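K.L.:
Before I ask anything, let me first share the structure, which is written out below as structure tokens.
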């Protein structure tokens, strides 16, 4: 008995969406989802506003879903205050129209999001946990939403158990095309292994080529944007340097069947949750011009079950502030001339990347070792974060003797510190040599067995270790 | 659930004062629609009514005596200068989940002037006496407050197991109370022994107002 | 409320110009990109209070703001105004105005903050951020007492309502624009500004049109920011209502402005502010406390409410006597202990929410404060910390708030004037706290 | 605690010191008397006096950090010019030494 | 505007059908309910029902006992109450649900279903006069009636001022009221004075004259 309007913008099949919702048992809701799969050509948004109380006249619609194009953020600025004037609807939205618009009127009632931009910074901290390539500079223009961003980032980085410290933040508004030699002077303050960048992508095709001509082309591949700040992931222009960092949102993933599978099912169960602790629901309307006087019934304590109700174990609680508290991000390294390349899967603000090592674009000398106090002290990692402290370095341990079917690495990391550890760190500071520190498996300083050597000598006779 | 305590219930406050009631819920009810919580008013005999929509925002007809506020589990609901025509029971509790835990019962009392009860001694009348049974009746109509120990006496001997006590609310035209004590017995238990005495231990003064006569 | 039109203009970046609103929420140009102002917002009058700061050279306010975006923008405006005189005048009784306080709008007069203003001896009430609950503010002000002397009472033009006019005392000062004929005269002036804008536009280079066909033609109409820069270049000399050219955000930029005073329940005009020229009238200064005097500055008397925390050997405590007094105890020399009362912590015997207990309070502290009170001739009051801790600047995870924990946050908020303690000296404390010479030397 | 947070060399376990942080100083006295706490760090002006008055407790004698105790007020109260001098004035008659003798 | 009826005296474990007629609005746009106000002065919800008589809610003690129903054209609410307890002597109401659908919009005074273990009996009302003359009242004892209510006046139907009607006390499952009217020396006896008792539940009218023996 639920007035549901399904509106279509795009090219994907809607029938593959139909069985995405027709497969669930509808007996768990005790009220029938009456969906209405309507198509919609990409047309005038004022005609879409007319279409809103056209489909209200088609059926008393309480819940909507509407697929959307991926390049419509001004229309995302359009739709929300129309709702806050008149409706309490729900969309994903779709694509670029799912931009994080955190406007303050609570009567808009949209969940236009996944995670927030600040939640994207939060999982960017787990990226920082993964690579340990430091942030010393932060670059942005006047992109509204930056002061709270840098304040949250400073407040997090001042509460660390690690050696992570920030040195530079940069505000330079660059419509203003005269300030390219200013960035040539600002090369000194952008010397970081990892730099955060938040600008306008329309300006950034000029700005990134400017920064490449500044002398920052070698760091030009090591720059961070969210996928909303980034351009279209297919056919990215080459003024951006290749192999950049992708953060936020998904189309090659939970898709147009799956988003409406979140979708209507989330709506119908939330309504049944209003039928579960209140046993009621107010009636929807059909006369949008005149029923805007009839929003007296919109004492919306239903927003509790809007933001809190999950479905079938998938954590689907939301925040009313403009984000979802539960994450599903996307792959972390975008490629530019070629397509996105699937590298990272996100869950519980935690990354799954099947690499154990991260390259970039003088050599990593592979070094096997052995625990011996007070020289080599090997301890566990910080269990609040899984990594090492300020004066501590990771070390790579894997035992595959009990492995019988998948007899292969998959190293645990351990923390490592001690006397000679600081010595070899000083050597790596002097001769600028990177390394591959890992542990031994069999034999302390393993003896000669019929000519053959085990232990650390085994790694150097099999050339698995050049230094040890 | 949203289980709330109303302190102080049955509270006596002097006239023209701030009668503030603390409401302590188990869980919170605050939202962006200015509250969830909603309250109540009724007088005895009068139909039940509402008092608070969500907050000090009231519906209609409520005077400017009341001002209620608070959030979460706490609700400080004050009544500015109070008078003796609204001294009654109010403040329903409820939960936004389906078990709407009502009750609480904030009875309002006013610290009025204390009074010694006017005692009426009633033997059985003639029409009471032709039926075979009989009844003696104590009435107390002018007193504040209501807690009276009413004892009936025949020849000095006290009868308590047949005492039927029933008192009423604030009689507003006299700003006091009213109490009844009915003792229903046989005829010869009131006729052969004729010394009717009643005591009414009140809280105005420590001495009971005695009144004695013979059948 | 006109945003269904102006945001559609923002779809095509065509400018829109406010003629009848001072709502500062529309001044957010990060959302209202298309909006410009012939009428300045609500916040712009707040800066005029800074130009009040040299009238009788006042330097100290207490300020309570109802929690609004306009009020917070006014807070940012006055914080921008106050951060000045980085040198290198040096008699610095300048606008270090003592206070900023928050208030939940729409609530009622349960404000003990009025009593907290009564504790500070300030000569001001000046500003709130409403006009309808301001009569309730007047009721609560006359409840304790604020209508008499020792307080100056000042409002702007959007603080004025009949209910406020029912309870504003004769002597409160209002600051009003010259804005009555704006429906005709400033309308003609604004279309004179757009006449100059099109006189620049027609003698400009190749500029595209905002063509026929609406929002369905989703490409944004390139000449939008071109029209914005055309309006940025517009400079009107003078109009009927008086005109100074635009600001950096396209504002009206007044100096067409008047000051009135409520007297005989009417707003008699006392002077005109013109840009920098505060030109007062010939009228007398009526103030509601019985002036025609100049009560500049605030009175500075005190009963020194000093806080302290129990720490041996510096502080010792004993519970009480039977009368609540202390037992007369002698030293090894027979001298009395001279224990002050030291009304202790509420929720004492910690973990139990009991009440405060007047102690028997001794150590170095009472002898030092008796010596200081006989030195400076200072009346005082004893207070005890209920927390039992010195305190660190804990970053509260709610909105990233580094607040000094414990009693140090209380004296930061002015719950006490000073503290005697084994006071550890740190760099982070000295950025907020005045310190004296080190009384003790240890390690 | 802020001093040890400022020292990266005290990150050699500061967390241990957070795991055994206390609330009352007298409990830190008693846990040494109960032989649970091995060491308590505090200012000498309390430690040496309570050790010299209540026995079976001794200090290291080594001064770990140089420090003093002033008196703090809020900003712009002008009494300090006479307050600090009074601290000097109580220093001039030896009234501080009267506090020590008492 | 809102009137509840259809009560009566039902046994413990028995059944009845409560009813309500409400005027002022169309029923298909407003939820309706049934409310319980216990004589122990705590409230409960009997039931609630949708605008079309659709989605209902029955509480936990209700969900073996009671059944709500609603006609949306004819202004009638019905409530089948089966398997009652001893505490079902409550006052039962209906209220006109809120615009959020929960609280109320207005109220109605409501009827009373008496669920006790007694049968209908006429009130044995007997007058009470002493056997001053300045302040001693004249009373009546309404002994042995079931069920509630009983209205008591004095000889005209208009004597209401100075009239103290006291609540019912239980005696062998039979309720008992007391009543008094204040009399000065100008009306004692010097006139006719009776007590007039109307029992609508037993539908009797008792007229007992108050004549004193001595004073």
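Heads up, residue numbers simply count up from 1 along the chain you see.
Header lists the method as electron microscopy, 5.2 Å.
A Cβ is built for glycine as well, from the same backbone N, Cα and C atoms used for every other residue.
Grabbed the feature section from Swiss-Prot, which reads as follows:
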- A:41: N-linked glycosylation site (CARBOHYD)
- A:53-A:288: disulfide bond (DISULFID)
- A:94, A:251: Zn(2+) binding site (BINDING)
- A:308: N-linked glycosylation site (CARBOHYD)
- A:388-A:415: disulfide bond (DISULFID)
- A:395-A:416: disulfide bond (DISULFID)
- A:403: N-linked glycosylation site (CARBOHYD)
- A:450: N-linked glycosylation site (CARBOHYD)
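Can you walk me through where each of these features ends up in the structure?
P.N.:
The Cβ of residue A:41 (N-linked glycosylation site) has 8 neighbouring Cβ atoms from other residues within 10 Å, across all protein chains displayed.
Residue A:53 (disulfide bond) carries a helical DSSP state (H, G or I). Counting only same-chain residues six or more apart in sequence, the Cβ atoms lying under 8 angstroms from the Cβ of residue A:53 (disulfide bond) belong to A:286, A:287, A:288, A:289.
Under DSSP, residue A:94 (Zn(2+) binding site) is assigned to coil, being neither helix nor strand in the three-state scheme. Taking a C-beta cut-off of under 8 angstroms and a sequence separation of 6 or more, residue A:94 (Zn(2+) binding site) has the following same-chain neighbours: A:9, A:10, A:66, A:67, A:68, A:69, A:70, A:256, A:259.
Sequence-distant neighbours of residue A:308 (N-linked glycosylation site) (same chain, 6+ apart, CB under 8 A from its CB) are A:317, A:318.
Taken residue by residue with DSSP, residue A:388 (disulfide bond) is part of neither helix nor strand, so it is coil. Annotation for residue A:388 (disulfide bond): spatial neighbours A:162, A:381, A:382, A:394, A:415, A:416, criterion Cβ-Cβ under 8 Å with sequence separation of six or more.
With a cut-off of 8 Å between CB atoms and residues at least 6 apart in sequence, the same chain places A:369, A:378, A:413, A:414, A:415, A:416, A:437, A:438, A:439 near residue A:395 (disulfide bond), listed in sequence order.
When secondary structure is read from DSSP and collapsed to three states, residue A:403 (N-linked glycosylation site) falls in the coil class. Taking the Cβ of residue A:403 (N-linked glycosylation site) as centre and 10 Å as the limit, one finds 12 other Cβ atoms among all the protein chains shown.
Within its own chain, residue A:450 (N-linked glycosylation site) has no residue 6 or more apart in sequence whose C-beta sits under 8 angstroms from its own.
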K.L.:
Quick one: give me the count of other CB atoms within 10 A of the CB of residue A:251 (Zn(2+) binding site).
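P.N.:
So the number of other Cβ atoms within 10 Å of residue A:251 (Zn(2+) binding site) is 17.
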K.L.:
How many Å separate the Cα atoms of residue A:251 (Zn(2+) binding site) and residue A:41 (N-linked glycosylation site)?
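P.N.:
Taking the Cα atoms only, residue A:251 (Zn(2+) binding site) lies 21 Å from residue A:41 (N-linked glycosylation site).
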K.L.:
For residue A:41 (N-linked glycosylation site) and residue A:403 (N-linked glycosylation site), determine the Cα separation and express it in whole Å.
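P.N.:
Checking the Cα atoms of residue A:41 (N-linked glycosylation site) and residue A:403 (N-linked glycosylation site) gives a distance of 57 Å.
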K.L.:
Neighbour count, 10 Å Cβ-Cβ cut-off, for residue A:288 (disulfide bond): what number do you get?
P.N.:
19
K.L.:
Please give me the CB contact count at 10 A for residue A:416 (disulfide bond), counting all chains in the structure.
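P.N.:
Excluding its own Cβ, residue A:416 (disulfide bond) sees 21 Cβ atoms within 10 Å.
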K.L.:
Tell me, how many other CB atoms lie within 10 A of the CB of residue A:415 (disulfide bond), whichever protein chain they belong to?
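P.N.:
Step by step: centre on the Cβ of residue A:415 (disulfide bond), count other Cβ atoms within 10 Å, giving 18.
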K.L.:
Under a three-state reduction of DSSP output, how is residue A:288 (disulfide bond) classified: helix, strand, or coil?
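P.N.:
The three-state answer is coil.
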K.L.:
What does DSSP assign residue A:450 (N-linked glycosylation site), in three states?
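P.N.:
DSSP call for residue A:450 (N-linked glycosylation site): coil, neither helix nor strand.
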